């Protein structure tokens, strides 16, 4: 009997361990599904999604003690209790002074899971959490310093409720979480939480992936976006594919300690249109383009480093100011311009500026369709946000066509039967 039908763990030369197909997979086929080994709902989604299964529901039942955890019913409340009990009493005593980061909360859950279930779980048929790479020999002082900060926050918020292995074991575990952890996003790509999917973490990266990972609650699903032939390695993308090769590889080296050698990284075919420049009387020289690219990459890094504390109004002003400055060299289709429009659209949605959000979406969609792969979650989500804006602004004709473009991608990535597709189809009917 096969551990996972038509698939196998294997050794990928120069890429450690990986996943290979044994039988052919065609576009849209489900390779495998993997239940979360551990997961945690993001703080911002408390009250809107079930803390246990991540279901989006109205009328979730709150925990009577803390009144901070919300569930579908008592069954989801009972399932989550071994994890929620580590935080319940702490959330009552300490107010909003109880603030461990998402990584610290997820790691506390892995520690609790390892204690009760030391054997391999149904989520570890190919790769177990204990086998995860950590790359501790490669970590920079900054990443080593964040691991130590996370360990101290783990003792501070969980010492009374969890028994810890030694410090070295905690350094290994937080390093494994950084290298193998996932984030779960909804149908609009909004962040829902963090999770460990050991069998999904076995797949190596490519910027030309042959699979896409989607979520059905906290169940990860892996679907083919091209033919996967017997003997082919199964590759997913670890990062956002919008960016030029250099940006992608600096991100990959920083978080995963490797340089990608996929076809896109080798040919660099899409870089020219990704860094589109405007046709001026001049036009811009290499040095002026390099200066604006360096500037944009720094704004993106700064936006990333300050995300947690900056208000949506401060986030909007930076976007508008950066877009205005870059527009002297860059075309609107340039990825750095798209970065600011996407963030700025995000703020328009937050402040219920539906018309402002739509004007941004209208400019992002065509360049997104060109820059991303043919089957892209980013492209499907953008068509979906566009469609929802149009429907809300009474443009049923434009909304329906935009929702159908989303559905066409989602049928391949999420499967034809996904609840997201059923929800979108219901929105078309009403």
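Positions refer to the first chain, counted from 1.
As recorded in the PDB entry, 277-285 is the stretch of 335-343 and 277-285 with the greater mean C-alpha temperature factor. When the two stretches 33-41 and 54-62 are set side by side, the higher mean Cα temperature factor goes to 54-62. As recorded in the PDB entry, 91 shows the highest C-alpha B-factor of the residues 91, 293, 108, 177.
If you compare the C-alpha temperature factors of 102, 302, 133, 246 in the entry, 302 comes out highest.
Among the modelled residues of its chain, residue 370 has a C-alpha B-factor that falls in the middle third, as given in the PDB entry.
In this PDB entry, residue 238 carries a Cα temperature factor that places it within the lowest third of its chain's modelled residues. Residue-level temperature factors show residue 312 in the highest third of its chain, judged at the C-alpha atom.
Residue 257: CA B factor in the middle third of modelled residues in this chain (values from the PDB entry). Per-chain ranking of the deposited C-alpha B factor places residue 350 in the highest third.
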